[PDB]
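Everything on this sheet refers to the single structure shown next.
We did not get these values from a lab; they are worked out from the coordinates using the rules stated. Neighbour counts are summed over all protein chains in view; Cβ atoms, including those assigned to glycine, are modelled from backbone coordinates with ideal geometry.
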Amino acid sequence: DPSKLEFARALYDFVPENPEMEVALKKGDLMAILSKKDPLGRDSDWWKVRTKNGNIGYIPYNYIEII
Amino acid sequence: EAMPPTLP
Amino acid sequence: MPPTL
């Protein structure tokens, strides 16, 4: 349900070390938060999000702020 | 839905 | 610069 999403902004550049699972951010970039947990529902420092051009992937929680 | 700036 | 991963 899109109308329930949080959205976030990137506070730093992030170049993905595993670009198969992770998405890149440019400082200032907006995104939507899809999940805060890993795929199995467990706590995680890596958050799943959808980028400004519709890519899905994980990013570091400490590189963003939640609008 | 969203509103800030300024990353100087 | 930036934070630790």
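Just to be sure I understand the filter: pairs with C-beta atoms under 9 Å, separated by 6 or more residues or on different chains, first member in segment A:25-37 and over 7 Å from residue A:49 (Cβ atoms) and more than 12 Å from chain B (Cβ to nearest Cβ), second member outside any strand (DSSP E or B) and among the β-branched types (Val, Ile, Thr). Which pairs pass?
Within 9 Å, the pairs are A:25/A:15; A:25/A:51.
Give the residue that is farthest from residue B:6 (Cα to Cα), with candidates limited to residues of segment A:9-43 that are under 12 Å from the mean Cα position of the chain (by Cα) and small (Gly, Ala, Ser).
Looking at the filtered set, the residue picked out is A:35.
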